[PDB]
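Since the structure comes first, as structure tokens, the remarks are kept for the end.
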Amino acid sequence: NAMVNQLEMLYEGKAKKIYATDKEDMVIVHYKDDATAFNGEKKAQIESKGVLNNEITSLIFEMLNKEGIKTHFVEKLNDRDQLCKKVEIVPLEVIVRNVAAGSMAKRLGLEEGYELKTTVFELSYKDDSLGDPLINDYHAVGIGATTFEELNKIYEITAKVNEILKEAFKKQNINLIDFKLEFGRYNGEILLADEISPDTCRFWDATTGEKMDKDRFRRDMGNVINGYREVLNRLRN
Amino acid sequence: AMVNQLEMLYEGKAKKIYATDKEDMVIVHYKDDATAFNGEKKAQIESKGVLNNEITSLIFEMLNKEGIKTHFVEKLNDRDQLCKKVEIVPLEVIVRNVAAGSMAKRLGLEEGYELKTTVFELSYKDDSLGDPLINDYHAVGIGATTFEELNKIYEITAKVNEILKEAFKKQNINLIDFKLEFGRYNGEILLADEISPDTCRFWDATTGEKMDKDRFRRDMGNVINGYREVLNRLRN
Ligand SMILES: Nc1ncnc2c1ncn2[C@@H]1O[C@H](COP(=O)(O)OP(=O)(O)O)[C@@H](O)[C@H]1O
Ligand SMILES: Nc1ncnc2c1ncn2[C@@H]1O[C@H](COP(=O)(O)OP(=O)(O)O)[C@@H](O)[C@H]1O
Ligand SMILES: Nc1ncnc2c1ncn2[C@@H]1O[C@H](COP(=O)(O)OP(=O)(O)O)[C@@H](O)[C@H]1O
Ligand SMILES: Nc1ncnc2c1ncn2[C@@H]1O[C@H](COP(=O)(O)O)[C@@H](O)[C@H]1O
């Protein structure tokens, strides 16, 4: 039956385009094949990456919606596009680390794979020109990016999302190492928004440690799309 | 009578820690060594150690009298103080009342930016890693501390900020930011280390004159004068 009409492009980011629609409070999120890392210094076109990321995001957000998480996700429209509630993004990346990896393990002198003694929650300030710096709750409130009570709600939702995702991935022999979330305001409510995909998570096979995510691109490991396909195929088991 | 200084336990960038003939006491000896930028910048600043020992001693005596549990027992001489020997928790606990220095630089703010809330932050005390900014979850997650210990540290830190902000404001100094360290001692958390113009930013509340180690860091000149000014004001 009736479908939204895609109107003007509102924004093009590193990996997606956001389009207006004929509904003032809805956008279409379009997944590109662009891959980027290292403050824009590293790029590639990874054929079909956007299709896989749209498909994985859609599957995960449908699952989160069913678990009662309030999210922007309405429906997948085609191989690359999904219909979402238009949100005013809170300018914080919310990162969960179950295991220490990447730059974070590096900055603290930890072996990659270090088992953290408590689940890590952290914030990066969403400003690519400042390099998306790590900040704490007081910095975030102090510069007017958020309030204590907004952060409290964000953390509650984030912790629930981690419990749900850790378990869904564990069932399929995937360790959910870390991931990044974004939230936004819609109808005065705090919604989970953006993407949850191998671009925004670290996924290691639980037996071999094999990486099935964007680190295969960041570290020139090859078979990038095969790792993303494997994540989707396991999620669809 | 007087405790006896025995072997050196540790030489840091600014102070030496000496053992004493009491197993639960150390002597903290203030050098004239100045350092900045991950050890890359160094100088000797004549009498800096004396002024920092004098300022630290004055401040810790005040905090002791206000009921803060600290390591400080007594000043011994121009450079030395007698302190309880603590097991330092490996965190630099930084308070920022106004954004300046590294916070201002990394968040693209002007120094002097007014904050909507007092900032409490941690750096991991590991000079080989450059004392990186970390959050509470990182600190607990790597085994540096526990949530219960951090909670206590922050409660003491907030109290110390209130006392120091007021003592400095009475002398027309804005306490812009500062760094504390804490240690474990006989089951408790004590304020330890130093509170001086090496570990605080002090701006005159009217003119903005900087009276702290930024004068050394930024080659501003008249460095020791600034330290003398802070001590003289504290002694009004
Ligand atoms: N539901 C939404 N409404 C409006 N903006 C969104 C929504 N979900 C995500 N965004 C924003 O859209 C952009 C998605 O594209 P992306 O390529 O990830 O951009 P960026 O390069 O800015 O990180 C991001 O800026 C993201 O914060
Ligand atoms: N700006 C961003 N856009 C998308 N995903 C991100 C971003 N920042 C962090 N992440 C995700 O958050 C997790 C932690 O990233 P991090 O370790 O901080 O980056 P790196 O180690 O690659 O420097 C990873 O899964 C990463 O994919
Ligand atoms: N009461 C105390 N007992 C034991 N160690 C202490 C005490 N107070 C401070 N310290 C430690 O003594 C050293 C003081 O000298 P400093 O030059 O500041 O060293 P650093 O270069 O390690 O920062 C620091 O490592 C500090 O943590
Ligand atoms: N390793 C350190 N030693 C002494 N003082 C410090 C240290 N790190 C931060 N400070 C103090 O903490 C405040 C914030 O410093 P910065 O992070 O450089 O802006 C300033 O008053 C510094 O002098």
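Chain A is the first sequence line, chain B the second, and so forth, proteins listed ahead of strands; every chain is numbered from 1.
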Quick one, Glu210(A) with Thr208(A), criterion side chain to side chain donor-acceptor pair (under 3.5 Å). Give me CA distance, side-chain angles, the key distance, then yes/no. CA-CA 5 Å; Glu210(A) 176 179 298; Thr208(A) 62; 4.8 Å; no
Side chains of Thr117(B) and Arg96(B), donor plus acceptor under 3.5 Å: no
Quick one: pull up CZ in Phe37(B) and CZ in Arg217(B) and give me the separation to the nearest 0.5 Å. 7.5 Å
Could you pull out the closest heavy-atom pair between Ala145(A) and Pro91(A), with the gap in Å? O-CD, 3.8 Å
Side-chain donor-acceptor pair present, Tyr186(A), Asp25(A), cut-off under 3.5 Å: yes
Taking the side chain as every heavy atom from C-beta outward, state whether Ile68(B) and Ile163(B) have any atom pair closer than 4.5 Å. yes
Beyond-backbone contact of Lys76(A) with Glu62(A), side-chain heavy atoms, under 4.5 angstrom: no
Test item: side-chain donor near acceptor, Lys170(A) and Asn175(A), under 3.5 Å: no
Taking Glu92(B) for the side chain and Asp131(B) for the main chain, is one N or O donor matched with an acceptor at less than 3.5 Å? no
Taking the six-membered ring for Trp and the single ring otherwise, decide whether the centroids of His72(A) and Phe61(A) are under 6.0 Å apart. yes
Intermediate values then yes/no, side-chain contact (heavy atoms from CB on, under 4.5 Å), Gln82(A) and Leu77(A): CA-CA 5 Å; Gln82(A) 53 184 76; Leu77(A) 296 172; 5.6 Å; no
Side-chain H-bond candidate by donor/acceptor type, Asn187(A) with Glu189(A), under 3.5 Å: yes
Classify the side-chain pair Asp127(A)/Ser129(A) by whether it contains a donor and acceptor separated by less than 3.5 Å. yes
Please determine, by modelled atom types, if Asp205(A) and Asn173(A) share a side-chain donor-acceptor pair under 3.5 angstrom. yes
Would you indicate whether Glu47(A), at its atom CD, is surrounded by more than 12 heavy atoms from other residues, nucleotides or ligands within a distance under 6.0 Å? no
Run the side-chain contact (heavy atoms from CB on, under 4.5 Å) test on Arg233(B) and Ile173(B) for me, step by step, so that the C-alpha distance in whole Å, both residues' side-chain angles and the decisive distance to 0.1 Å come before the verdict. CA-CA 9 Å; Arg233(B) 290 196 197 186; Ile173(B) 291 169; 3.6 Å; yes
Atom CD of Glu66(B) and atom CG of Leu164(B): how far apart are they, to the nearest 0.5 Å? 10.0 Å
Around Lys160(A), counting heavy atoms of other residues, nucleotides and ligands shown, do more than 12 lie under 6.0 Å from its NZ? no
Quick one: does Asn78(A)'s side chain have a donor or acceptor within less than 3.5 Å of a partner on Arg80(A)'s backbone? yes
Specify the closest pair of heavy atoms between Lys43(A) and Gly40(A), including all atoms of both residues, with the distance to one decimal. CE-O, 3.8 Å
How are the rings of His30(A) and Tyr19(A) set relative to one another: parallel (under 30°), tilted (30 to 60°) or perpendicular (over 60°)? perpendicular
Salt bridge (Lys or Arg N to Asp or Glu O under 4.0 Å), that's the test. Do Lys105(B) and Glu111(B) meet it? Break it down for me. CA-CA 8 Å; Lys105(B) 183 178 172 188; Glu111(B) 291 193 289; over 6 Å; no
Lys42(A) meets the side chain to side chain donor-acceptor pair (under 3.5 Å) criterion, sequence neighbours left out, with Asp220(A)
Might you point out which heavy atoms bring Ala36(B) and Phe216(B) nearest each other, and give the distance in Å? CB-CE2, 3.8 Å
NZ/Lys153(A) to CD1/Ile157(A) distance, rounded to the nearest 0.5 angstrom? 5.5 Å
Step through the shown structure and confirm whether more than 12 heavy atoms of other residues, nucleotides or ligands are within 6.0 Å of CD on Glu155(B). yes
Can any side-chain N or O of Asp33(A) pair as donor or acceptor with the backbone N or O of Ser48(A) at less than 3.5 Å? yes
Does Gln6(A) form a side-chain contact (heavy atoms from CB on, under 4.5 Å) with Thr21(A)? I'd like the steps, not just the answer. CA-CA 5 Å; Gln6(A) 185 181 290; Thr21(A) 71; 5.7 Å; no
Quick check for you: to the nearest 0.5 Å, what is the distance between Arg216(A) atom CZ and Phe203(A) atom CZ? 14.5 Å
Nearest heavy-atom approach of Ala193(A) to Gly184(A) is CB-N, 4.5 Å
Are the side chain of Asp128(A) and the backbone N or O of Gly131(A) linked by a donor-acceptor pair below 3.5 Å? no
Does the plane of the ring in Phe120(B) sit parallel, tilted or perpendicular to the ring in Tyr138(A)? Use 30° and 60° as the thresholds. perpendicular
Donor-acceptor contact below 3.5 Å, side chain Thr200(A) vs main chain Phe179(A): no
Return yes if some donor-acceptor pair links the side-chain N/O of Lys49(A) with the main-chain N/O of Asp34(A) below 3.5 Å, else return no. yes
Can you name the ring-ring contact (aromatic ring centres under 6.0 Å, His included) partners of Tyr228(A), sequence neighbours left out? none
Does a donor on one side chain sit under 3.5 Å from an acceptor on the other, for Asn162(A) and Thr119(A)? no
What's the separation between atom CD1 in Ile28(A) and atom CE in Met3(A), rounded to the nearest 0.5 Å? 8.5 Å
Heavy atoms, side chains only, cut-off 4.5 Å: are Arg201(B) and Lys210(B) in contact? no
When you check the side-chain N and O atoms of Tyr155(A) and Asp137(A), is any donor under 3.5 Å from an acceptor? yes
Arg107(A) and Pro132(B), any side-chain heavy atoms less than 4.5 Å apart: yes
Check for a donor-acceptor pair, side chain of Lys213(B) on one end and backbone N or O of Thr35(B) on the other, with a separation under 3.5 Å. yes
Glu148(B) versus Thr146(B), side-chain donor and acceptor atoms under 3.5 Å: no
Go through the steps to decide whether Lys85(A) and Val74(A) satisfy the test side-chain contact (heavy atoms from CB on, under 4.5 Å), and finish with yes or no. CA-CA 7 Å; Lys85(A) 293 165 175 185; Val74(A) 181; 4.2 Å; yes
Would you find a donor on one side and an acceptor on the other, under 3.5 Å apart, between the side chain of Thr57(A) and the backbone of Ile196(A)? yes
Does any non-hydrogen side-chain atom of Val161(A) lie less than 4.5 Å from one of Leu64(A)? yes
Less than 4.5 Å apart, side chain to side chain, heavy atoms only: is that true for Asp177(B) and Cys200(B)? no
Donor-acceptor under 3.5 Å (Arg185(A) side chain, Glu88(A) main chain): no
Check: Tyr113(B) and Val98(B) side chains under 4.5 Å, non-hydrogen atoms: no
Any chance the side chains of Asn136(A) and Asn135(B) put a donor and an acceptor closer than 3.5 Å? no
Just wondering, do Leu10(A) and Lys86(A) contact through their side chains at under 4.5 Å, heavy atoms? yes
CD/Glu115(A) to CG/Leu110(A) distance, rounded to the nearest 0.5 angstrom? 12.0 Å
Looking only at heavy atoms, what is the nearest atom pair of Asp212(B) and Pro197(B), with distance? CB-O, 3.5 Å
Over 12 foreign heavy atoms within 6.0 Å of NZ, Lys166(A): yes
